[PDB]
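Just below is one structure, and these are the notes that go with it.
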Ligand SMILES: O=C1O[C@H]([C@@H](O)CO)C(O)=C1O
Ligand SMILES: O=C1O[C@H]([C@@H](O)CO)C(O)=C1O
Ligand SMILES: O=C1O[C@H]([C@@H](O)CO)C(O)=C1O
Ligand SMILES: O=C1O[C@H]([C@@H](O)CO)C(O)=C1O
Ligand SMILES: [Mn+2]
Ligand SMILES: [Mn+2]
Ligand SMILES: [Mn+2]
Ligand SMILES: [Mn+2]
Ligand SMILES: [Mn+2]
Ligand SMILES: [Mn+2]
Ligand SMILES: [Mn+2]
Ligand SMILES: [Mn+2]
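Residue numbers (the deposited numbering), protein chains in the order written: chain A, 1 to 387; chain B, 1 to 387; chain C, 1 to 387; chain D, 1 to 387.
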């Protein structure tokens, strides 16, 4: 009973994940910098399908066009040598001091123009390398104090930025879509579009909404105490789950980025159940950081457990839904009725139906147990292999 | 220096607020039930503009049509006697045991039909009494366990319910709009549409989106650790702030419903600054519970402090925005630049502008301080009257 | 592979747990009241070892001495008929309106005297029924506002109450110890002694500290975002784990009281690992509420899953510690070194040791990986039975 | 109406506070390094009374004894030139990679010995510079995973470390006491002794408890959602408030370290009320970070607002307690009764008192309102200067 990934499982990793040197707000790096081409090689040996990058992960900030082309050629050779893909790319609009008040919603106009130019340059590279999804994480968009940011004005600037990006892509004829990644706080005191629902709502006000979806992250919704599978279900319902970031988080605190399966393990089970049963077909991307306690052996051990835990949870969720006793429990709890229209007979028929009100026996209905606890222990037994 | 409300301040209260008997999960009622007509009279004397109700606050669950008409006539006489209005009404789809798995997203279809019939009956009454806004708080819509609720199916049923309600209103020719009230948890382990952003996103998938907005509550967004003024700004930006619930909350815990001004007092300041500067013109509604430590004198003291605190914060926010030294600080922090388009010159001009990238001096831009801390201490001095 | 409890597993339940009628802050009871003697019989059939009670669970508030003796005789017959024990008892100082500002720290002195008299009466009964532990949960001790409670004065009154209780027990010659149960909030805005550490610290100021320990509850420490196994380890380290309350909680929100194993499942694993490896020998008590969605079949299903989940986690934790590959990983991560004295050679030798400072190679030490991620995935594989 | 600090207000600042360069988990430094002697001069001009330091703030890690003595002489000249004091010192056991698994509870024994030697060297310097308090913040003591740290063994090592430090001080005849600073998480997934109560409890197991107290930090207790004034009251009650760290925090998230008065402003009011009315006479120390949005002008503006906000809150708290109408409200709410013994008449008299039970009228007692809401609005009016 082993759980070996192959490139057909669509597992991806950011360069910055296994590449995290372990600098935290209170401590220096505990690991040396990794060459991108070493990370590509090591991830291919563990069974990954591809990698993702920020511009500045791949090409050092301030690189000349000569150095740029060098970095890209070495990278491209490692992808050719391994068969690794690049399904997603993104921009670093958070590290450089110039971004201290944001990129697209910086109060200084010149900064906002610079943010857009830096982004557009990396969309061209992403397209060259074959990415299908371009992620936007506005980690510097927000405030520590109420007077620093008019949020209506800041949403105007955010909408303006994404519309220009949408204009750019369509004018170039690129086949790339955008995915906005919410986060509620950190590094800003509050971040704009802090959850999946705020990002989905914002998208509906862009000039071309069909170009934009969400990239939700496990630990980011959990930093607001929200149910991550529920938010994914709403993203799926809206047709906007373009990409996903998988990791673990222990409750409401700083962003831990633990390997996938750590943190809330039952949430991880229900997440995998939903992605698999909804037939999500995008990358299974890990946005995680190996703890700074670890050396490079612990780095690759952590990246491998990401994939392992996904595959174990996939097996247990599938055994759960395939169990006849579970299918019977689901009927007992009326999940079949949840899927039926309330009033396909229409409004007037509803209004005329005395069994819906005048003659509805509310005490008999109230008395029916939902049988959720038996259902939930079957799920528990399946997760633990006690079934 | 006093702070006396008048009906022109548009302060409203639910019957269930000053009427809360003080039953909590661990204790019996500490106060006797109030007659609605007593509450109408006492709130009119304190300077309120109107009251709101759930169906079951006004007419006891299971009332005959004869008793119903009696309750309504007494109520209507008290409104005539006081000049109090009824700007908003809502449905109780949470107290009765029949609603233990929800109203509109109950797994049992018969329950969902009953929920819609109970709602429609109260929309007719609300219209009769002159309400302009109908609130929907789906406090029983959600789950304690992952297998109990398919959330895609449950959003389908939620959409179906709100579309039928929209069909009903338009067929009757009623001038009433709907406001969805988010809450993240309690009494369900997780509640569907848990924040303002999730409710805004959902609305965009209804058949007639222009009929629906949000009713955000201070303490409910704060139960997810979110910035309430930021979520209101996004609701204002979308044109969907139909109504608002004002109260106080101390952080991430059970729903406290403290009087307005308690809880996060700086958030309350920034909220009032925003409602007043955006020119919000709906009711200022208090959804609060006087602590069960209190007798009826403490009830009316608490309701009065709601209004007082709003008026004190209104004065301090206005003095803040009117202060020349503040207007100068706002320019120092480039709030004026935040309000200017990033690229009114358009995409091609942006692309051709060397000052936006090739010749942008990122170190000079990085070095400019934002001066937010001086701005925030001016706001502090204004709030405390130390200015 | 089944997991059947016997009375030798020391599983206990409060009468109020399976007896919870499902009244919540927003809804009426969904279940009828259970007779205590029915609950005793049903729990004995599921394999429990005993039950616990508040005074008012067993004897209705205001009962005459004639009714009191009746209730107790019926109860005692059910225990004789089933072989069920009563290892713990406690007082209801939270439900009655008289306790709205607390019992032992109520501002009204007369109330505080009444609280002590009500407590002492139930200690005599507890002793009669054989309880070894008397729990104190001061759920009404605290405040919603800062001026309502001087906390120094309130700790003085709390200390006074517990000292008098300690005087009472020793004067009667009773073999009973006290266990204080912390909770951070709910139903009060803040509760005094809000965590395990605050309760442990308080105990050290009582006149007879050896009479008092803690009764920690899973969901209560998790309501402050704390690591429950870490707090139990500190209680074990102090010698003060007199009793424990087992249940589940999903993060920082209202007190859910889900069955044990729900909530944070990895915390539950590490908790069972610690109780079993430290050789805790008190009751395994479930303080949980079957969700109000359930009928009586779902009640007994939920109580049974409490016990099942404990036994599954016991097996997986034992397999984890017994695995040679785990024992090797533990050495790799230097858990053996953590258990050795830092400086058994004493202070002067430490000071004279050049290898501890002058000649300590800090870069070689820094470079050693901790290998925690491989250890943690072995724990994961063991929990999931993927091992 | 201004609020000018003098050195008699006992305001202190860490070198690392105004010296924070603005490196966060996601971004580079936004400010250049400050010379300690510049910070001493600038803080003296703003009215501070003294500064505090980590060893590595003052003397660069790895400094030769020649460089060490140089750094110290320059520092000492700036203190002589300004009249600034050094009331507290501490050790950096968190930045260097060698401390990635802790200092005193590192799994590697050699590291733990090195941590103690590094500490002892800085106690000698602290004594030389006149510090009265030595702070210990074990920010690296804890774990991201359950198998990485046996917490009983780790408390044994923590106790061993503090006992050796206590032995050292007493053998040298130094007049210095220790203050343990709790934090619940960050940078470790969970930190040992995570709150004030856990630190107080631990102290009671040291060989010489009278040498040790707590250094609580505003934002650290609030990261667990705890009431900071309540935890200070318990520290005061135990006689263990040796030192305090003042700052602001917006709820349960990463450690913000905002200037004092930001964050929870009503908690700040109640904190100042308590320190002033209990007559706390230690330093008023600011452990804060000027946001990385700021230049050096915004640094000194932020440090100045720390002090200003303390002085404004001091004035409002004093006006609150001095108001006759408040003193009357306090009696109305029976705060005077809270301060009286419950049973100075003793146990036997309590037992014989029929007015405490047999003849206690529980309904009359229940019916008395606490009048807390009127009290709390008077506090509100005083804080806002609306009084
Ligand atoms: O682009 C991203 O950056 C952050 C972070 O991973 C960098 O540490 C994250 O959440 C992304 O998806
Ligand atoms: O309709 C509502 O019900 C809840 C609650 O106030 C009832 O206690 C609330 O949040 C509303 O807006
Ligand atoms: O005595 C107790 O009461 C509360 C609660 O279970 C009553 O619902 C609890 O936490 C205890 O241990
Ligand atoms: O010694 C300390 O270090 C941390 C931090 O301020 C360093 O950023 C803090 O909380 C202390 O009191
Ligand atoms: Mn993250
Ligand atoms: Mn991410
Ligand atoms: Mn509420
Ligand atoms: Mn509300
Ligand atoms: Mn509980
Ligand atoms: Mn309990
Ligand atoms: Mn801090
Ligand atoms: Mn500190």
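Beta carbons are placed, not taken as given, at the ideal position from N, Cα and C, and that holds for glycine.
Rounded Cβ spacing between residue i and residue j (contact assumed at less than 8 Å)
{"i": "residue 43/C", "j": "residue 13/C", "result": "6 Å"}
{"i": "residue 116/B", "j": "residue 342/A", "result": "7 Å"}
{"i": "residue 10/A", "j": "residue 49/A", "result": "5 Å"}
{"i": "residue 109/C", "j": "residue 340/D", "result": "6 Å"}
{"i": "residue 149/A", "j": "residue 142/A", "result": "7 Å"}
{"i": "residue 17/C", "j": "residue 286/C", "result": "6 Å"}
{"i": "residue 164/B", "j": "residue 347/A", "result": "5 Å"}
{"i": "residue 203/A", "j": "residue 386/C", "result": "Contact flag wrong, Cβ pair sits at about 39 Å."}
{"i": "residue 329/B", "j": "residue 384/B", "result": "With a Cβ gap of about 17 Å, residue 329/B and residue 384/B do not count as contacting."}
{"i": "residue 373/D", "j": "residue 5/B", "result": "Their Cβ separation, rounded to whole angstroms, is 17 Å, which puts residue 373/D and residue 5/B out of contact at 8 Å."}
Neighbour list for residue i in chain B, Cβ cutoff strictly below 8 Å
{"i": "residue 394/C", "result": "The structure shown has nothing for residue 394/C, since chain C only spans 1 to 387."}
{"i": "residue 193/C", "result": "Neighbours of residue 193/C on chain B: none; closest Cβ ~17 Å, over 8 Å."}
{"i": "residue 3/D", "result": "386"}
Chain C contact residues for residue i, given Cβ-Cβ distances below 9 Å
{"i": "residue 380/A", "result": "261, 262, 265, 305, 308, 309 and 312"}
Chain A contact residues for residue i, given Cβ-Cβ distances below 9 Å
{"i": "residue 325/C", "result": "The contacting residues do not exist; residue 325/C stays about 13 Å from chain A at best."}
Partner residues on chain D for residue i, Cβ-Cβ distance less than 7 Å
{"i": "residue 187/A", "result": "24, 25, 26 and 27"}
{"i": "residue 291/A", "result": "144"}
Listed by chain order, chain D residues near residue i by CB distance under 8 Å
{"i": "residue 365/C", "result": "98, 108, 110, 111 and 114"}
Chain C residues whose Cβ lies nearer than 7 Å to that of residue i
{"i": "residue 227/D", "result": "190"}
Proximal residues of chain B, C-beta to C-beta of residue i below 7 Å
{"i": "residue 252/D", "result": "225, 251 and 252"}
{"i": "residue 270/A", "result": "146"}
{"i": "residue 374/D", "result": "298 and 301"}
Amino acids of chain B, ordered along the chain, whose beta-carbon sits closer than 9 Å to that of residue i
{"i": "residue 39/D", "result": "Chain B residues near residue 39/D: none, gap ~17 Å exceeds 9 Å."}
Neighbour list for residue i in chain A, Cβ cutoff strictly below 7 Å
{"i": "residue 256/D", "result": "189"}
{"i": "residue 17/D", "result": "Ordered by position in chain A, no residue passes the 7 Å Cβ test against residue 17/D, which lies about 14 Å from the chain."}
Partner residues on chain D for residue i, Cβ-Cβ distance less than 9 Å
{"i": "residue 101/A", "result": "293"}
Checklist entry - Counting by C-beta, which residues lie closer than 5 Å to a heavy atom of ligand 9, in chain order? => result 219/C, 255/C and 257/C
Item to check | Touching by the beta-carbon criterion (3+ pairs, under 8 Å), the segment 175–182 of chain B and the segment 245–265 of chain A | outcome: no
Checklist entry - Counting pairs of beta carbons, one from the segment 363–371 of chain B and one from the segment 286–301 of chain D, are three or more of them closer than 8 Å? => result yes
Next on the checklist: With three or more beta-carbon pairs closer than 8 Å as the criterion, would you say the segment 311–320 of chain C touches the segment 123–138 of chain D?
Outcome noted: no
Next on the checklist: Below 8 Å, how does it come out for the segment 355–363 of chain D and the segment 320–339 of chain D: are there three or more Cβ pairs, yes or no?
Outcome noted: no
Checklist entry - Taking a cut-off of 5 Å, which residues have a beta-carbon closer than that to any heavy atom of ligand 10, in chain order? => result The set, ordered by position in the chain, is 217/C, 245/C and 287/C.
Checklist entry - Counting Cβ pairs closer than 8 Å, one from the segment 67–87 of chain C and one from the segment 96–109 of chain C, do we hit at least three? => result Contact between the segment 67–87 of chain C and the segment 96–109 of chain C is absent, because fewer than three Cβ pairs lie under 8 Å.
Item to check | 3 or more residues per run - each beta strand (DSSP E) lying fully within the segment 38–92 of chain B | outcome: 50–54 and 85–90
Checklist entry - Is the segment 242–255 of chain A in contact with the segment 214–221 of chain A, if contact means three or more CB pairs nearer than 8 Å? => result yes
Checklist entry - Three or more C-beta pairs closer than 8 Å, one from the segment 116–126 of chain A and one from the segment 187–199 of chain B: is that the case here? => result no
Checklist entry - Three or more beta-carbon pairs under 8 Å between the segment 225–243 of chain B and the segment 268–277 of chain B, yes or no? => result They touch, by the three-pair rule.
Checklist entry - Pairing CB atoms from the segment 186–195 of chain A with CB atoms from the segment 205–213 of chain A, are three or more of them under 8 Å? => result no
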